[PDB]
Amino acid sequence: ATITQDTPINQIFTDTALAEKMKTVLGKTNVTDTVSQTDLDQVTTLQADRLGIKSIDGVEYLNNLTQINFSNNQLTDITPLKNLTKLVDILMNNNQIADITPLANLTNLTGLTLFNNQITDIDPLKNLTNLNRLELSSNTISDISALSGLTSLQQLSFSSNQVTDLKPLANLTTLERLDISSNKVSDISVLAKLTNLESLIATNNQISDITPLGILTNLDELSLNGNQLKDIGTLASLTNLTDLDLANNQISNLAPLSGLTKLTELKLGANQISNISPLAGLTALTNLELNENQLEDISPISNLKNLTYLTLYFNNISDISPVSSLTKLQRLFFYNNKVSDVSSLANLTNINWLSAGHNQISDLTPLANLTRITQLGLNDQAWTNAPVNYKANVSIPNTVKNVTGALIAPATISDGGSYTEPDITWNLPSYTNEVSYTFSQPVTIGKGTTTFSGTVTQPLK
């Protein structure tokens, strides 16, 4: 397809956005200045992303195009691409593209980027055997049969579609980087064929069995976040792993992890773990996430001298002191535990994020010199004192101490009681099983600001 005679740009390129670009691309002052076929022949690459383009009518005349970026447009029809057989690379993500038949014969393509469209039928991909990179996330694909001869593929995504059946991957032994996340995938048996896999991302699926991964010894990154994993015995064979994400599963036994000493990120939050002794030789960790488990003794963690990021929120932790070993911590999370003495945190010079809400913390003085904090949390503490004897005029000391070392005055005090530093004093006519008080005090340490708040219960005998 070719123009004969000099022709206004705005009559080849009917799109306002695109004639504007092609005006510049071809080097012309006005969208009405004419161009000939030879002018058009010299355009071999085009970067027309993010220009609000609604049509690519006219791109057919750029017969020598090898590489195009029309990502982030409003394209639907892509029919002007049909005969551009010299195309090797297409980036066309984030359009409203439904029909990809116009791609069917673009046989020389090695890179094809189609994520965020509304594609269902990928049968037009079948003959594109030179493809080594293909991206199809965030479309509405149920059937991948059309990938079966794409035996040059190295990089492949179709995250967030509705593909259950991975059988059509069986012969793509060249694959190295695969993402199958958010599909309805239960059975990954076919992945056992993919011996060259270095990266596998399979988050938010319904995978309970990982024995297919066993011979996949070249994997260095695996993400199985949000599955139904429990037995991970298989992972002990993947000694090349450096990045392992297993959060949101049902995992309790971590011994298969012990020898995976090249790991620098491990995620294991929202599992069923009480024992982290298998973790102690993983000294190369920088990120460890252990939130939402069943932890109490976190002493194995003191070994992990390199960590800069640690999550521990929603466990059953009393003794925070192993973390004080971890001199290079920049972000620490332990909301919703049972920590009281925070004084071992004193030796965390590098801490920026300290997230310590809903624990049993009465005294902030040991955090005074943590002046690189830019994000802080300390609200909704609680504790119950050991009981004391009921007297009509019973009194207890306020123990709540701010970062300055001054006591924080109670916000409220049950049973009509009242305060004179340091003491809270009730005037109680008949036996009552318990009295209480609250506090609530805005505080900033360095540049991190929180409300330090709590409820203290006092049982009476």
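Numbers for residues come from their place in the sequence shown, where the first is 1.
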Using the B-factors recorded in the PDB entry, average over the C-alpha atoms of 169-177 and of 304-312, then report which stretch comes out higher. 169-177
Do the CA atoms of 351-359 or those of 262-270 have the higher mean B-factor in the entry? 351-359
In terms of CA temperature factor as recorded, identify the highest of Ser343, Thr283, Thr76, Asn291. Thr76
By the entry's C-alpha temperature factors, tell me which of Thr32, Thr399, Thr404, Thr412 sits highest. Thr32
Chain-relative CA temperature factor third for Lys338: middle
Chain third (lowest, middle, highest) by recorded CA B-factor, residue given as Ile408: lowest
What third of the chain does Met22 rank in for C-alpha temperature factor, lowest, middle or highest? highest
With respect to C-alpha B-factor, does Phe70 fall in the lowest, middle or highest third of the chain as deposited? lowest
Chain third (lowest, middle, highest) by recorded CA B-factor, residue given as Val443: lowest
